[PDB]
Amino acid sequence: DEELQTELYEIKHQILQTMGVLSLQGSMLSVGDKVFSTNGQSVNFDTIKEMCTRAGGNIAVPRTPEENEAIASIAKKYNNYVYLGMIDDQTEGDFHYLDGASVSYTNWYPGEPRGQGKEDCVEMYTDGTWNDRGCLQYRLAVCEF
Amino acid sequence: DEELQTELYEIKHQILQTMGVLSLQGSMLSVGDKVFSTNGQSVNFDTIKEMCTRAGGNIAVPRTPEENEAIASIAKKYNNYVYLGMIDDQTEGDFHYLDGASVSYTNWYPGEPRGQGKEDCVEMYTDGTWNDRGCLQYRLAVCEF
Amino acid sequence: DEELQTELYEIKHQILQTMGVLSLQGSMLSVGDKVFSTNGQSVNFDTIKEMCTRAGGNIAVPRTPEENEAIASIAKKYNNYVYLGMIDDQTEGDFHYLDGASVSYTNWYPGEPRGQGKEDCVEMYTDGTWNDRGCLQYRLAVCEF
Ligand SMILES: [Ca+2]
Ligand SMILES: [Ca+2]
Ligand SMILES: [Ca+2]
Ligand SMILES: [Ca+2]
Ligand SMILES: [Ca+2]
Ligand SMILES: [Ca+2]
Ligand SMILES: [Ca+2]
Ligand SMILES: [Ca+2]
Ligand SMILES: [Ca+2]
């Protein structure tokens, strides 16, 4: 159509308007094709996971420096550590994303991970570096869509 | 096109991102094809109606158990009763949606409706059950889009 | 397709749902094809400009009476003057939009603009009328998308 193309413009325009409003007001962060957001709650790993999937997203996990920095700023903003979408329950010391694939990008705080098999989750410090941790602490719920 | 299909993916993806953010942050509830939301205001029936249409939606009305429960949770959350998008002004005892069609799904509190012709509106209790009421009370404004 | 048309309906519907939620909750104002929004911050001209572009929009500028009134209501709501997307730095007394084009619609407060070359920005009073001003004051950041 010709009508299809102007309908698409309008749709794309309106999308960027809503994204713009949410962005301007700090409701979320856009990094490439990824949108990060938090409900401000501090809960444990399993709770965060459910909150995120209930909203149609997933517990956030950084796969690039820019994505890592985005999540870091939210952690900084809320002054709380953040549980990341990765665990090493399956095999010890081998952290994997929740789809089962092995993590590639890492930003471990020097010396980490250590403490080992008692600590199967990953938390992000407010400077963006990571620490392996037990999964029952109260951490800021950050989701990716 | 081939380009059309990847443009559509992207558009659909971005939509679900904005919906995800609004959902995660409690700005609205998605139930099937219906989105519920409130501005937190307690006003009378006529005012709610205007607020909702000004936003491009309508005063909420539940047509299923799940929809009813969704509105109920908002009522619970704000600890206030909710005016529903239905009245019986036309014929007495015959409640109709605002398009004029007769209500099908009901969730009357036992004994309701009673009091009759002096009470042409419907309010939802915080447990989700309904009570027929005068239309001039201050009730939580919940809209559907 | 036939499938394309029902996919488009759904997409358009969901867009209006998110816009409806943002609108109902006062997160933004829709005027024709333009969406206005604020982050509530009072900062100077250069800062507002950056905030708006970071969100994928621009510092707001009214080109119609309705658009002017929309921005005015936000100014009223936040009880603060608003920097508008226009300056007269290039040539003195000749105010232009930030794309360089000359402003057409104006709503100067009677007597304005005056003070002249020391005042290259434009602020909106809470009644919607304009005043030319220095660019270093703290004003409400209102963006258009
Ligand atoms: Ca272990
Ligand atoms: Ca471990
Ligand atoms: Ca550790
Ligand atoms: Ca009656
Ligand atoms: Ca009645
Ligand atoms: Ca009654
Ligand atoms: Ca000058
Ligand atoms: Ca000047
Ligand atoms: Ca002046």
# chains A, B, ... in the order shown; residues from 1 in each chain; ligands from 1
>>> interface_residues(of="chain B", to="chain A", cutoff="7 Å", atoms="only C-alpha atoms", output="PDB file with N, CA, C and O atoms, in the first residue's frame")
ATOM      1  N   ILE B  11       8.428  -3.112  16.083  1.00  0.00           N
ATOM      2  CA  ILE B  11       7.301  -2.345  16.594  1.00  0.00           C
ATOM      3  C   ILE B  11       6.581  -3.102  17.704  1.00  0.00           C
ATOM      4  O   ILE B  11       6.295  -2.549  18.767  1.00  0.00           O
ATOM      5  N   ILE B  15       6.478  -2.062  21.728  1.00  0.00           N
ATOM      6  CA  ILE B  15       5.191  -1.951  22.394  1.00  0.00           C
ATOM      7  C   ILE B  15       5.202  -2.733  23.702  1.00  0.00           C
ATOM      8  O   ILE B  15       4.818  -2.216  24.750  1.00  0.00           O
ATOM      9  N   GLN B  17       7.675  -3.563  25.408  1.00  0.00           N
ATOM     10  CA  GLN B  17       8.633  -2.947  26.315  1.00  0.00           C
ATOM     11  C   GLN B  17       7.955  -1.853  27.135  1.00  0.00           C
ATOM     12  O   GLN B  17       8.104  -1.805  28.354  1.00  0.00           O
ATOM     13  N   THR B  18       7.202  -0.983  26.465  1.00  0.00           N
ATOM     14  CA  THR B  18       6.498   0.099  27.150  1.00  0.00           C
ATOM     15  C   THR B  18       5.397  -0.447  28.053  1.00  0.00           C
ATOM     16  O   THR B  18       5.204   0.035  29.171  1.00  0.00           O
ATOM     17  N   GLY B  20       5.445  -3.404  29.326  1.00  0.00           N
ATOM     18  CA  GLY B  20       6.186  -4.055  30.389  1.00  0.00           C
ATOM     19  C   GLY B  20       6.592  -3.095  31.491  1.00  0.00           C
ATOM     20  O   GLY B  20       6.466  -3.410  32.672  1.00  0.00           O
ATOM     21  N   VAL B  21       7.077  -1.920  31.098  1.00  0.00           N
ATOM     22  CA  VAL B  21       7.494  -0.900  32.056  1.00  0.00           C
ATOM     23  C   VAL B  21       6.309  -0.385  32.869  1.00  0.00           C
ATOM     24  O   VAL B  21       6.368  -0.321  34.096  1.00  0.00           O
ATOM     25  N   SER B  23       3.524  -1.904  33.326  1.00  0.00           N
ATOM     26  CA  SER B  23       3.039  -3.023  34.125  1.00  0.00           C
ATOM     27  C   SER B  23       3.893  -3.267  35.364  1.00  0.00           C
ATOM     28  O   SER B  23       3.376  -3.410  36.472  1.00  0.00           O
ATOM     29  N   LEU B  24       5.204  -3.322  35.160  1.00  0.00           N
ATOM     30  CA  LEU B  24       6.152  -3.572  36.241  1.00  0.00           C
ATOM     31  C   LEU B  24       6.018  -2.536  37.350  1.00  0.00           C
ATOM     32  O   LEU B  24       6.203  -2.843  38.526  1.00  0.00           O
ATOM     33  N   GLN B  25       5.680  -1.309  36.966  1.00  0.00           N
ATOM     34  CA  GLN B  25       5.649  -0.199  37.910  1.00  0.00           C
ATOM     35  C   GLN B  25       4.245   0.071  38.458  1.00  0.00           C
ATOM     36  O   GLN B  25       4.022   1.056  39.163  1.00  0.00           O
TER      37      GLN B  25
END
>>> residues_near_ligand(ligand="ligand 5", cutoff="10 Å", atoms="only C-alpha atoms and all ligand atoms", output="ChimeraX atom specification")
/B:87-95,113-122,132-134
>>> write_last_selection(atoms="N, CA and C atoms", output="compact mmCIF listing (two decimals), in the first residue's frame")
# COMPACT_ATOMS: atom_id res chain seq x y z
N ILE B 87 -25.12 1.32 34.31
CA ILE B 87 -26.19 1.98 35.05
C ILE B 87 -27.55 1.36 34.70
N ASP B 88 -28.58 1.64 35.50
CA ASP B 88 -29.93 1.15 35.18
C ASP B 88 -30.95 2.29 35.05
N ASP B 89 -30.51 3.44 34.56
CA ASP B 89 -31.39 4.61 34.44
C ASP B 89 -32.56 4.36 33.49
N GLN B 90 -32.25 3.85 32.29
CA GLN B 90 -33.24 3.58 31.25
C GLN B 90 -34.47 2.84 31.79
N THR B 91 -34.31 1.55 32.06
CA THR B 91 -35.36 0.80 32.73
C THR B 91 -34.86 0.36 34.10
N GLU B 92 -35.75 0.37 35.08
CA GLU B 92 -35.36 0.11 36.46
C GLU B 92 -35.10 -1.37 36.74
N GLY B 93 -33.93 -1.65 37.31
CA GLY B 93 -33.56 -3.01 37.67
C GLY B 93 -32.84 -3.71 36.54
N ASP B 94 -32.93 -3.12 35.36
CA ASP B 94 -32.24 -3.62 34.18
C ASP B 94 -30.98 -2.79 33.97
N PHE B 95 -29.85 -3.31 34.44
CA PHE B 95 -28.58 -2.60 34.28
C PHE B 95 -28.00 -2.83 32.90
N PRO B 113 -28.86 -6.38 43.51
CA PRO B 113 -29.12 -4.98 43.86
C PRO B 113 -30.43 -4.78 44.63
N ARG B 114 -30.40 -3.85 45.58
CA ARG B 114 -31.60 -3.47 46.32
C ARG B 114 -31.50 -2.00 46.71
N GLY B 115 -32.63 -1.38 47.01
CA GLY B 115 -32.68 0.05 47.23
C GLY B 115 -33.28 0.70 45.99
N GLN B 116 -32.99 0.09 44.84
CA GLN B 116 -33.70 0.28 43.57
C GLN B 116 -33.46 1.61 42.83
N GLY B 117 -34.57 2.30 42.53
CA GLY B 117 -34.58 3.42 41.60
C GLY B 117 -33.89 4.69 42.05
N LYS B 118 -33.51 4.74 43.32
CA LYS B 118 -32.76 5.87 43.85
C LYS B 118 -31.28 5.62 43.66
N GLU B 119 -30.95 4.40 43.23
CA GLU B 119 -29.57 3.97 43.08
C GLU B 119 -29.35 3.41 41.68
N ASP B 120 -28.89 4.26 40.77
CA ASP B 120 -28.76 3.86 39.37
C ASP B 120 -27.34 3.49 38.96
N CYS B 121 -26.37 3.67 39.85
CA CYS B 121 -25.00 3.30 39.53
C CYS B 121 -24.58 1.99 40.21
N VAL B 122 -23.38 1.52 39.88
CA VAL B 122 -22.84 0.31 40.48
C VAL B 122 -21.44 0.55 41.02
N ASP B 132 -25.34 -1.75 44.12
CA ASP B 132 -25.95 -0.65 43.38
C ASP B 132 -26.07 0.55 44.30
N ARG B 133 -25.83 1.73 43.73
CA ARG B 133 -25.54 2.92 44.51
C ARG B 133 -26.00 4.18 43.77
N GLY B 134 -26.18 5.27 44.51
CA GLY B 134 -26.37 6.57 43.90
C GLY B 134 -25.11 6.94 43.15
>>> atom_distance(atom1="atom CA of residue B:31", atom2="atom CA of residue B:66")
7.2 Å
>>> select_by_dssp(residues="stretch 41-124 of chain C", states="alpha helix (DSSP H)", output="VMD selection string")
chain C and resid 45 to 54 65 to 78
>>> atom_distance(atom1="atom 1 (Ca, counted along the ligand's line) of ligand 8", atom2="atom CA of residue C:49")
18.3 Å
>>> decode(residues="stretch 108-124 of chain C", atoms="C-alpha atoms", output="PDB file, in the first residue's frame")
ATOM      1  CA  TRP C 108       4.112  37.631  23.640  1.00  0.00           C
ATOM      2  CA  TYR C 109       2.973  39.250  26.857  1.00  0.00           C
ATOM      3  CA  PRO C 110       2.085  42.865  25.949  1.00  0.00           C
ATOM      4  CA  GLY C 111       5.264  44.913  25.572  1.00  0.00           C
ATOM      5  CA  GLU C 112       7.393  41.840  24.912  1.00  0.00           C
ATOM      6  CA  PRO C 113       9.926  41.192  23.660  1.00  0.00           C
ATOM      7  CA  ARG C 114      11.965  43.963  25.278  1.00  0.00           C
ATOM      8  CA  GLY C 115      15.328  44.154  27.032  1.00  0.00           C
ATOM      9  CA  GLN C 116      16.705  42.854  23.739  1.00  0.00           C
ATOM     10  CA  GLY C 117      20.174  41.441  23.071  1.00  0.00           C
ATOM     11  CA  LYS C 118      20.945  40.482  26.654  1.00  0.00           C
ATOM     12  CA  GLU C 119      17.911  38.212  26.539  1.00  0.00           C
ATOM     13  CA  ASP C 120      18.113  35.586  23.810  1.00  0.00           C
ATOM     14  CA  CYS C 121      15.753  32.956  25.238  1.00  0.00           C
ATOM     15  CA  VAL C 122      11.972  32.781  25.656  1.00  0.00           C
ATOM     16  CA  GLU C 123      10.079  31.838  28.814  1.00  0.00           C
ATOM     17  CA  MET C 124       6.370  31.119  29.125  1.00  0.00           C
TER      18      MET C 124
END
